[PDB]
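One structure is given below, encoded as structure tokens.
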Amino acid sequence: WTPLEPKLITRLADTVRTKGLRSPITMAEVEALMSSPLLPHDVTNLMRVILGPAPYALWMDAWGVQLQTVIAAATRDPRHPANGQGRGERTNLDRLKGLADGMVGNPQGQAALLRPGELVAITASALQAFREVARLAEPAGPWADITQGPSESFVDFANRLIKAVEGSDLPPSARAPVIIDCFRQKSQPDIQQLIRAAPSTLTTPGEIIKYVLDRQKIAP
């Protein structure tokens, strides 16, 4: 786990802003730092600094497509650098994500696992996702967009929310009440009433659900 210096990125991003986020210099400056390969996690951290958390999420969406494009591209052209080595290994979105066994929980080891080149793909793909956001401008939320539905399980959804919050720009405290707050934010009245009727002795993304589930039980 190698923490990158945001101060440096901040200075670079500062120039981008001064030059205009919608300006070309952005790609130049961004390409300057990104000139080299990096991790996907840091990519978000970097972009987050360059672009607020609002547009950050938008970058994720574009990043997803950009990443997918690389996967399909590699699939179409058995000569992609993001590929293990040949058309045998073949690149994967998950792999580029770093969820591959041996890569999860290990950034350095993950990069060392991923041949030299795929990183660049992420860097470029990230740059592409950036321009996508620069073009757009929608104040969307990470968890704000996440809403609990009747079609989707409460726990299943809660996981998606928790996972979102976990990978969101929140302080060391908002990562608990925000998730639960989300539930009592919209969700349903039945569930809402459960949370609202919940005890004031617990307020974490675990006991709240555990309690709700404990209450839900199985009448029928």
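Naming scheme: A, B, ... for chains in displayed order of the structure tokens; residues 1 onward per chain; ligands 1 onward as shown.
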Using DSSP on the backbone coordinates, identify the residues of chain A assigned to helix (DSSP H, G or I); present them as a ChimeraX atom specification.
/A:6-19,25-34,40-50,53-76,93-97,107-113,118-135,154-166,177-183,189-196,207-216
Residue 159 (chain A): which residues within 12 Å, counting only C-alpha atoms, same-chain residues fewer than 2 positions away excluded, as a list in words?
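Once the adjacent positions are removed, what remains is residues 143, 146, 147, 148, 152, 153, 154, 155, 156, 157, 161, 162, 163, 164, 165, 166, 167, 179, 180, 183, 205, 206 and 209 of chain A.
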Give me a file of those residues, with C-alpha atoms, as a tab-separated table (two decimals), in the first residue's frame.
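The result, stored in result.tsv:
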```tsv
chain	number	residue	atom	x	y	z
A	143	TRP	CA	-25.20	7.05	-2.68
A	146	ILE	CA	-28.64	4.65	-4.81
A	147	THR	CA	-32.20	4.06	-3.68
A	148	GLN	CA	-33.66	1.04	-1.93
A	152	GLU	CA	-34.18	-5.25	-4.58
A	153	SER	CA	-33.47	-6.87	-1.24
A	154	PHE	CA	-32.80	-4.55	1.68
A	155	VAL	CA	-29.62	-6.34	2.67
A	156	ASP	CA	-28.51	-6.80	-0.91
A	157	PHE	CA	-29.10	-3.12	-1.58
A	161	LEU	CA	-24.79	1.25	-0.55
A	162	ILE	CA	-22.21	0.27	2.04
A	163	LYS	CA	-19.87	-0.73	-0.75
A	164	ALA	CA	-20.52	2.65	-2.33
A	165	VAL	CA	-19.96	4.58	0.88
A	166	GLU	CA	-16.88	2.48	1.55
A	167	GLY	CA	-15.54	3.66	-1.79
A	179	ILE	CA	-25.91	4.35	4.94
A	180	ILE	CA	-28.58	4.06	7.60
A	183	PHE	CA	-32.52	3.85	4.36
A	205	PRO	CA	-24.58	-0.48	8.70
A	206	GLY	CA	-24.84	-3.85	10.40
A	209	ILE	CA	-29.98	-4.27	9.20
```
From the list A:39, A:16, A:9, A:49, the nearest residue to residue 169 (chain A) using only C-alpha atoms is A:49
Selected residue of minimal separation from residue 13 (chain A) among A:129, A:28, A:124, A:96, counting only C-alpha atoms:
A:28
If we count only C-alpha atoms, what is near region 41-44 of chain A at a cut-off of 9 Å, once residues fewer than 2 positions away on the same chain are taken out, given as a compact mmCIF listing (two decimals) with C-alpha atoms, in the first residue's frame?
```txt
# COMPACT_ATOMS: atom_id res chain seq x y z
CA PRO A 3 -0.04 6.35 -0.56
CA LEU A 4 0.51 8.94 -3.27
CA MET A 34 -0.47 10.19 -15.86
CA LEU A 38 -0.51 3.87 -12.11
CA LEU A 39 -3.15 1.97 -10.18
CA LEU A 46 -6.25 11.59 -8.58
CA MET A 47 -9.38 12.31 -10.58
CA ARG A 48 -11.22 13.05 -7.36
CA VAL A 49 -8.67 15.78 -6.71
CA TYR A 56 -16.02 12.06 -9.77
CA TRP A 59 -16.00 9.78 -14.19
CA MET A 60 -16.68 6.34 -12.74
CA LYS A 97 -10.29 -3.52 -11.38
CA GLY A 98 -7.90 -5.44 -9.16
CA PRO A 107 -1.95 -2.92 -4.76
CA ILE A 122 -6.37 2.32 -17.09
CA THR A 123 -4.55 5.64 -17.18
CA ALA A 126 -9.28 7.28 -17.06
```
Option closest in space to residue 74 (chain A), from A:32, A:93, A:113, A:208 [counting only C-alpha atoms]
A:93
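If you count only C-alpha atoms and ignore residues fewer than 6 places along the chain from residue 135 (chain A), what sits within 12 Å of it is residues 21, 22, 23, 24, 55, 58, 59, 62, 128 and 129 of chain A.
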Work out how far apart CA of residue 117 (chain A) and CA of residue 63 (chain A) are and give it in Å to one decimal.
17.3 Å
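Of the listed residues (A:197, A:82, A:170, A:176), A:82 comes nearest to residue 121 (chain A); the distances count only C-alpha atoms.
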Closest of A:103, A:72, A:120, A:54 to residue 1 (chain A) - atom-to-atom distances counting only C-alpha atoms:
A:103
